[PDB]
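Trainee: Quick one: the structure is below, and I'll ask about it shortly.
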Amino acid sequence: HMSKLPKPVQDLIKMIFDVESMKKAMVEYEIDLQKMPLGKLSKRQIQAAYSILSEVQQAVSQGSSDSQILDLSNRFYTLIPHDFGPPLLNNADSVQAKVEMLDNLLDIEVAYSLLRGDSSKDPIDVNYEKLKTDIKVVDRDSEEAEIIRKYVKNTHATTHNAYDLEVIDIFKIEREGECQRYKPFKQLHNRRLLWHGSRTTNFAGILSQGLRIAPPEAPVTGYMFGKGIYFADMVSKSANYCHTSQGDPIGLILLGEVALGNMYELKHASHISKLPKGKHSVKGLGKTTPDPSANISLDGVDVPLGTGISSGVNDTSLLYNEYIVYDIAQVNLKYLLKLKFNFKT
Ligand SMILES: O=c1[nH]c(SCCN2CCN(c3ccccn3)CC2)nc2ccccc12
Ligand code: NI
Ligand code: NI
Ligand code: NI
Ligand code: NI
């Protein structure tokens, strides 16, 4: 076409505005595209589906079973039709499974709505400007690239049995107004550069609107550590959320500066609705952590790029560290990585 963006940026645009990718994500969740295509998807419907799951949360809280639920599930599946070859919403933590789907549908709705929004510019540049984000290619021979590559290589070996990783492209990203929304928290201590993985169908929403919290109608019990923004300090953890496969091996993971401050440290799931005061975030303690001996500090921001070693933390259910903040202003996105996954099987 007639694009003036660098070639890696053009490919990223085509990747995140891929409507076929959006449909496959919905099919992956067994949503019936015939009864509800990508065009029919709406925020008010996702909002009402969230609230239905919140009714199941109250119902499970008050202690009921199997005839309140089937009605609540019949309501859920009527609003969002599925195509099975109808599981119980009150068992096997299905509230979490459905609430993650709604999270991804919210981003897929934003991507599709943005895509349907002059002769001068190639549609690639038109869609790029809709993100209201400045994306520049990081030179592979730069100091930034070497730090980021080392961060990747040091924190993915523990999953080599599942897959290997190769950094294709590194982008520096600057969301419009995010540096301004984050400025108050740069005074907070304990700021770290952390990973956030996601499917490619989520990043049109991530770039245009930043990382968000689940809406108020979302069930707090649908999130392992409450309705917040989740980060990891090892790509082995965040890369799992790209949902790449051998037939879809290219994933996206971002690096973001997170103001953690005083961390409420936990060793198992806790559907937090409010933090204790003095605490600014949650840190789920994992069995594996980057070697603190290799931690480097950057403009007062810690980069825990050490090789994965055992943390010595017994009595924990988490394999990797988790970091959750509950204010969207506590996050400043800085880098976006394009990664090729090489699977063993
Ligand atoms: O690195 C990690 N990545 C992800 S992604 C989890 C799924 N995403 C879906 C989209 N979503 C929202 C939010 C608000 C509004 C619309 N969508 C946020 C949730 N979880 C992680 C969890 C633990 C550690 C690292 C990670
Ligand atoms: Ni490797
Ligand atoms: Ni629970
Ligand atoms: Ni999954
Ligand atoms: Ni507990």
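Starting from 1 in every chain, residues are counted up; chains themselves are A, B, ... following the order of the structure tokens, and ligands are numbered from 1 as listed.
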Collect all residues with atoms no farther than 9 Å from ligand 3, counting only C-alpha atoms and all ligand atoms, and output them as a PyMOL selection string.
Mentor: chain A and resi 93+95-96+220-224+269-271
Trainee: Those selected residues, please, written with C-alpha atoms and delivered as a PDB file, in the first residue's frame.
Mentor:
ATOM      1  CA  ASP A  93     -14.989 -22.008  39.207  1.00  0.00           C
ATOM      2  CA  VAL A  95     -17.462 -17.812  37.044  1.00  0.00           C
ATOM      3  CA  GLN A  96     -13.738 -17.215  36.509  1.00  0.00           C
ATOM      4  CA  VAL A 220     -14.905  -9.950  42.153  1.00  0.00           C
ATOM      5  CA  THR A 221     -14.772 -13.725  42.698  1.00  0.00           C
ATOM      6  CA  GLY A 222     -13.983 -14.187  39.005  1.00  0.00           C
ATOM      7  CA  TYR A 223     -10.445 -12.861  39.480  1.00  0.00           C
ATOM      8  CA  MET A 224      -7.785 -14.734  41.437  1.00  0.00           C
ATOM      9  CA  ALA A 269      -5.940 -16.596  45.726  1.00  0.00           C
ATOM     10  CA  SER A 270      -7.793 -13.782  47.491  1.00  0.00           C
ATOM     11  CA  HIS A 271     -10.647 -12.001  45.715  1.00  0.00           C
TER      12      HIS A 271
END
Trainee: Write out as an mmCIF file with N, CA and C atoms, in the first residue's frame the residues lying within 8 Å of residue 175 (chain A), counting only C-alpha atoms and excluding same-chain residues fewer than 5 positions away.
Mentor:
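What landed in out-v3.cif:
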data_model
loop_
_atom_site.group_PDB
_atom_site.id
_atom_site.type_symbol
_atom_site.label_atom_id
_atom_site.label_comp_id
_atom_site.auth_asym_id
_atom_site.auth_seq_id
_atom_site.Cartn_x
_atom_site.Cartn_y
_atom_site.Cartn_z
ATOM 1 N N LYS A 132 -4.161 6.297 18.986
ATOM 2 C CA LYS A 132 -3.658 7.466 19.708
ATOM 3 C C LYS A 132 -2.438 7.098 20.549
ATOM 4 N N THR A 133 -1.545 6.316 19.950
ATOM 5 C CA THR A 133 -0.327 5.849 20.589
ATOM 6 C C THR A 133 0.833 6.023 19.622
ATOM 7 N N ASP A 134 1.968 6.480 20.141
ATOM 8 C CA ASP A 134 3.171 6.649 19.340
ATOM 9 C C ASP A 134 4.022 5.389 19.454
ATOM 10 N N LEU A 207 -3.784 -0.594 23.553
ATOM 11 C CA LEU A 207 -3.074 0.591 23.089
ATOM 12 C C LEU A 207 -3.967 1.828 23.124
ATOM 13 N N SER A 208 -5.227 1.693 22.708
ATOM 14 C CA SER A 208 -6.095 2.862 22.616
ATOM 15 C C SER A 208 -6.567 3.322 23.991
ATOM 16 N N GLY A 210 -5.398 1.767 27.154
ATOM 17 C CA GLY A 210 -4.552 1.348 28.256
ATOM 18 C C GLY A 210 -5.080 0.081 28.904
ATOM 19 N N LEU A 333 2.752 2.181 30.359
ATOM 20 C CA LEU A 333 3.266 1.267 29.347
ATOM 21 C C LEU A 333 4.470 1.880 28.645
#
Trainee: Just list as a PyMOL selection string whatever in region 65-160 of chain A DSSP marks as strand (DSSP E or B).
Mentor: chain A and resi 82+133-137
Trainee: When you count only C-alpha atoms and all ligand atoms, which of these residues is closest to ligand 1: A:161, A:240, A:281, A:91?
Mentor: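 Once distances to ligand 1 are computed over only C-alpha atoms and all ligand atoms, the minimum belongs to A:240.
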Trainee: Could you give me, as CSV, every region 188-223 of chain A residue with an atom at most 9 Å from region 34-48 of chain A, plus its closest atom pair and distance in Å to one decimal, counting only C-alpha atoms, rows ordered by chain then number?
Mentor:
residue,atom,partner,partner_atom,distance
A:215,CA,A:47,CA,7.8
A:217,CA,A:47,CA,6.7
A:218,CA,A:47,CA,7.9
Trainee: Export N, CA and C atoms of the chosen residues as an mmCIF file, in the first residue's frame?
Mentor:
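Result file again_7.cif:
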data_model
loop_
_atom_site.group_PDB
_atom_site.id
_atom_site.type_symbol
_atom_site.label_atom_id
_atom_site.label_comp_id
_atom_site.auth_asym_id
_atom_site.auth_seq_id
_atom_site.Cartn_x
_atom_site.Cartn_y
_atom_site.Cartn_z
ATOM 1 N N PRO A 215 -15.104 -4.041 34.853
ATOM 2 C CA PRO A 215 -16.132 -3.058 35.224
ATOM 3 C C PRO A 215 -16.725 -3.361 36.588
ATOM 4 N N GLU A 217 -19.680 -4.091 37.428
ATOM 5 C CA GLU A 217 -20.616 -5.205 37.366
ATOM 6 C C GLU A 217 -19.927 -6.562 37.287
ATOM 7 N N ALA A 218 -18.602 -6.595 37.130
ATOM 8 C CA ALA A 218 -17.891 -7.863 37.034
ATOM 9 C C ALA A 218 -17.790 -8.521 38.410
#
Trainee: Using only C-alpha atoms for the distances, tell me which of A:94, A:24, A:172, A:191 is nearest to residue 137 (chain A).
Mentor: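 Smallest separation from residue 137 (chain A) among the options: A:172.
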Trainee: May I have all residues of region 110-190 of chain A that DSSP, computed from the backbone, assigns to alpha helix (DSSP H), given as a ChimeraX atom specification?
Mentor: /A:110-115,123-130,143-154,178-182
Trainee: Please produce an output containing N, CA and C atoms for each residue in the selection, written as an mmCIF file, in the first residue's frame.
Mentor:
data_model
loop_
_atom_site.group_PDB
_atom_site.id
_atom_site.type_symbol
_atom_site.label_atom_id
_atom_site.label_comp_id
_atom_site.auth_asym_id
_atom_site.auth_seq_id
_atom_site.Cartn_x
_atom_site.Cartn_y
_atom_site.Cartn_z
ATOM 1 N N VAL A 110 -13.877 -3.435 21.384
ATOM 2 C CA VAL A 110 -13.172 -2.175 21.159
ATOM 3 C C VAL A 110 -12.392 -2.226 19.851
ATOM 4 N N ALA A 111 -11.750 -3.362 19.569
ATOM 5 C CA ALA A 111 -10.981 -3.494 18.335
ATOM 6 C C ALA A 111 -11.883 -3.387 17.111
ATOM 7 N N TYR A 112 -12.995 -4.125 17.110
ATOM 8 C CA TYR A 112 -13.901 -4.105 15.965
ATOM 9 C C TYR A 112 -14.554 -2.738 15.796
ATOM 10 N N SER A 113 -14.983 -2.121 16.900
ATOM 11 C CA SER A 113 -15.607 -0.805 16.816
ATOM 12 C C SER A 113 -14.631 0.233 16.279
ATOM 13 N N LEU A 114 -13.373 0.177 16.721
ATOM 14 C CA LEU A 114 -12.370 1.105 16.210
ATOM 15 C C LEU A 114 -12.124 0.886 14.724
ATOM 16 N N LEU A 115 -12.118 -0.376 14.285
ATOM 17 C CA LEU A 115 -11.824 -0.675 12.887
ATOM 18 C C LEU A 115 -12.860 -0.069 11.949
ATOM 19 N N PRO A 123 -5.151 2.625 4.798
ATOM 20 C CA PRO A 123 -5.865 2.196 6.011
ATOM 21 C C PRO A 123 -4.974 1.766 7.171
ATOM 22 N N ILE A 124 -3.773 1.258 6.881
ATOM 23 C CA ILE A 124 -2.840 0.904 7.950
ATOM 24 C C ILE A 124 -2.522 2.127 8.801
ATOM 25 N N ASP A 125 -2.198 3.249 8.150
ATOM 26 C CA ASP A 125 -1.914 4.475 8.888
ATOM 27 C C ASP A 125 -3.168 5.037 9.545
ATOM 28 N N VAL A 126 -4.330 4.855 8.916
ATOM 29 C CA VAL A 126 -5.579 5.334 9.504
ATOM 30 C C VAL A 126 -5.871 4.592 10.802
ATOM 31 N N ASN A 127 -5.763 3.263 10.773
ATOM 32 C CA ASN A 127 -6.005 2.481 11.980
ATOM 33 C C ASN A 127 -4.943 2.754 13.039
ATOM 34 N N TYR A 128 -3.696 2.981 12.615
ATOM 35 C CA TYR A 128 -2.636 3.292 13.570
ATOM 36 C C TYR A 128 -2.961 4.551 14.360
ATOM 37 N N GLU A 129 -3.465 5.585 13.682
ATOM 38 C CA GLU A 129 -3.807 6.828 14.360
ATOM 39 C C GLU A 129 -4.996 6.667 15.297
ATOM 40 N N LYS A 130 -5.866 5.685 15.047
ATOM 41 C CA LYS A 130 -6.991 5.449 15.946
ATOM 42 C C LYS A 130 -6.524 5.003 17.325
ATOM 43 N N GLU A 143 20.951 0.059 23.672
ATOM 44 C CA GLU A 143 20.993 -0.334 25.076
ATOM 45 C C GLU A 143 19.645 -0.876 25.532
ATOM 46 N N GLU A 144 18.555 -0.243 25.091
ATOM 47 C CA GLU A 144 17.220 -0.705 25.456
ATOM 48 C C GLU A 144 16.991 -2.140 25.001
ATOM 49 N N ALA A 145 17.308 -2.434 23.737
ATOM 50 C CA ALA A 145 17.081 -3.775 23.208
ATOM 51 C C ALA A 145 17.872 -4.820 23.983
ATOM 52 N N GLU A 146 19.113 -4.497 24.361
ATOM 53 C CA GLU A 146 19.938 -5.459 25.084
ATOM 54 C C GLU A 146 19.366 -5.752 26.466
ATOM 55 N N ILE A 147 18.885 -4.721 27.163
ATOM 56 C CA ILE A 147 18.235 -4.930 28.455
ATOM 57 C C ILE A 147 16.995 -5.798 28.286
ATOM 58 N N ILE A 148 16.141 -5.440 27.324
ATOM 59 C CA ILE A 148 14.877 -6.145 27.143
ATOM 60 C C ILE A 148 15.121 -7.583 26.704
ATOM 61 N N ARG A 149 16.073 -7.793 25.790
ATOM 62 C CA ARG A 149 16.390 -9.155 25.370
ATOM 63 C C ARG A 149 16.903 -9.983 26.541
ATOM 64 N N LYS A 150 17.784 -9.405 27.361
ATOM 65 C CA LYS A 150 18.288 -10.118 28.529
ATOM 66 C C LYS A 150 17.163 -10.439 29.505
ATOM 67 N N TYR A 151 16.234 -9.497 29.695
ATOM 68 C CA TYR A 151 15.049 -9.762 30.506
ATOM 69 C C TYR A 151 14.282 -10.970 29.977
ATOM 70 N N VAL A 152 14.163 -11.083 28.652
ATOM 71 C CA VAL A 152 13.444 -12.207 28.059
ATOM 72 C C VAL A 152 14.210 -13.508 28.268
ATOM 73 N N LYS A 153 15.512 -13.507 27.968
ATOM 74 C CA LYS A 153 16.254 -14.765 27.971
ATOM 75 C C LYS A 153 16.430 -15.315 29.378
ATOM 76 N N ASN A 154 16.527 -14.441 30.379
ATOM 77 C CA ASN A 154 16.777 -14.891 31.740
ATOM 78 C C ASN A 154 15.540 -15.464 32.419
ATOM 79 N N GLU A 178 -0.901 9.037 28.959
ATOM 80 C CA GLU A 178 -0.587 8.070 30.005
ATOM 81 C C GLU A 178 0.595 8.522 30.856
ATOM 82 N N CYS A 179 1.608 9.136 30.236
ATOM 83 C CA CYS A 179 2.706 9.706 31.012
ATOM 84 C C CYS A 179 2.204 10.776 31.969
ATOM 85 N N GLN A 180 1.122 11.465 31.598
ATOM 86 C CA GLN A 180 0.537 12.477 32.469
ATOM 87 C C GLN A 180 -0.305 11.849 33.575
ATOM 88 N N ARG A 181 -1.073 10.802 33.257
ATOM 89 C CA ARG A 181 -1.887 10.139 34.272
ATOM 90 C C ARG A 181 -1.029 9.433 35.317
ATOM 91 N N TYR A 182 0.189 9.040 34.950
ATOM 92 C CA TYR A 182 1.074 8.279 35.822
ATOM 93 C C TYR A 182 2.009 9.160 36.643
#
Trainee: For ligand 4, list the contacting residues at 10 Å or closer, counting only C-alpha atoms and all ligand atoms, as a list in words.
Mentor: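 Those within range of ligand 4 are residues 28, 29, 97, 100, 101, 198, 199, 240, 241, 242, 243 and 244 of chain A.
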Trainee: Check which residues fall inside 6 Å of ligand 1 when counting only C-alpha atoms and all ligand atoms, and print them as a list in words.
Mentor: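 Selection of residues at most 6 Å from ligand 1: residues 103, 104, 106, 107, 195, 196, 197, 198, 212, 213, 214, 230, 231, 232, 237, 238, 241 and 322 of chain A.
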Trainee: Those selected residues, please, written with C-alpha atoms and delivered as a compact mmCIF listing (two decimals), in the first residue's frame.
Mentor:
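Writing the result to part38.txt gives the following:
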# COMPACT_ATOMS: atom_id res chain seq x y z
CA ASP A 103 -12.69 -9.50 29.59
CA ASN A 104 -11.47 -10.61 26.16
CA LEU A 106 -14.59 -6.23 25.86
CA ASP A 107 -11.25 -5.82 24.08
CA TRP A 195 5.50 -7.99 31.89
CA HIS A 196 1.87 -8.20 30.80
CA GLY A 197 0.98 -10.84 28.24
CA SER A 198 -2.29 -10.98 26.33
CA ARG A 212 -8.17 -1.28 32.48
CA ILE A 213 -9.95 -2.81 35.46
CA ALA A 214 -12.91 -5.12 35.05
CA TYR A 230 -1.97 -8.20 36.56
CA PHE A 231 1.77 -8.32 35.88
CA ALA A 232 4.61 -10.82 36.14
CA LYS A 237 4.36 -16.48 33.47
CA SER A 238 3.16 -13.67 31.20
CA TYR A 241 -1.48 -15.40 28.53
CA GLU A 322 2.24 -11.93 40.48
Trainee: What are the nearest atom pairs, with distances in Å to one decimal, for all residues of chain A that come at most 7 Å from ligand 2, using only C-alpha atoms and all ligand atoms, set out by chain and rising residue number as a tab-separated table?
Mentor:
residue	atom	partner	partner_atom_place_in_ligand_line	distance
A:153	CA	ligand 2	1 (Ni)	6.2
A:156	CA	ligand 2	1 (Ni)	6.4
A:157	CA	ligand 2	1 (Ni)	5.6
A:160	CA	ligand 2	1 (Ni)	6.2
A:164	CA	ligand 2	1 (Ni)	4.7
A:165	CA	ligand 2	1 (Ni)	5.4
Trainee: With N, CA and C atoms retained, could you export that selection as a short mmCIF file (atom, residue, chain, number, x, y, z; two decimals), in the first residue's frame?
Mentor:
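Final output, out-v6.cif:
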data_model
loop_
_atom_site.label_atom_id
_atom_site.label_comp_id
_atom_site.auth_asym_id
_atom_site.auth_seq_id
_atom_site.Cartn_x
_atom_site.Cartn_y
_atom_site.Cartn_z
N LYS A 153 15.51 -13.51 27.97
CA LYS A 153 16.25 -14.76 27.97
C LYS A 153 16.43 -15.32 29.38
N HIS A 156 12.68 -17.12 30.99
CA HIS A 156 11.83 -18.04 30.25
C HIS A 156 12.36 -19.47 30.20
N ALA A 157 13.53 -19.75 30.80
CA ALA A 157 14.12 -21.08 30.69
C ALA A 157 13.28 -22.14 31.40
N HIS A 160 11.04 -24.10 29.10
CA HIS A 160 11.61 -24.63 27.87
C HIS A 160 10.98 -25.95 27.47
N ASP A 164 10.00 -22.54 23.47
CA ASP A 164 11.13 -21.61 23.45
C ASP A 164 10.67 -20.28 22.88
N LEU A 165 11.49 -19.25 23.06
CA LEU A 165 11.11 -17.90 22.70
C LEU A 165 12.20 -17.23 21.87
#
Trainee: Hey, what's within 6 Å of residue 286 (chain A) if we count only C-alpha atoms and toss same-chain stuff fewer than 2 positions away? As JSON, numbers by chain, please?
Mentor: {"A": [288, 318, 319, 320, 321]}
Trainee: Store the residues picked out above in a file with N, CA and C atoms, as a short mmCIF file (atom, residue, chain, number, x, y, z; two decimals), in the first residue's frame.
Mentor:
data_model
loop_
_atom_site.label_atom_id
_atom_site.label_comp_id
_atom_site.auth_asym_id
_atom_site.auth_seq_id
_atom_site.Cartn_x
_atom_site.Cartn_y
_atom_site.Cartn_z
N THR A 288 9.25 -19.46 42.20
CA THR A 288 10.37 -19.04 41.37
C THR A 288 10.35 -17.53 41.22
N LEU A 318 1.50 -20.46 44.21
CA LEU A 318 1.87 -19.81 42.96
C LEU A 318 3.24 -20.29 42.51
N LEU A 319 3.36 -20.58 41.22
CA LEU A 319 4.67 -20.95 40.68
C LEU A 319 5.53 -19.73 40.38
N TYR A 320 4.92 -18.60 40.03
CA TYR A 320 5.63 -17.38 39.70
C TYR A 320 5.05 -16.21 40.47
N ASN A 321 5.85 -15.16 40.61
CA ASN A 321 5.38 -13.93 41.24
C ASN A 321 4.27 -13.30 40.41
#
Trainee: Nearest to residue 109 (chain A): which of A:67, A:245, A:74, A:202 is it, counting only C-alpha atoms?
Mentor: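 The shortest atom-to-atom distance to residue 109 (chain A) comes from A:202.
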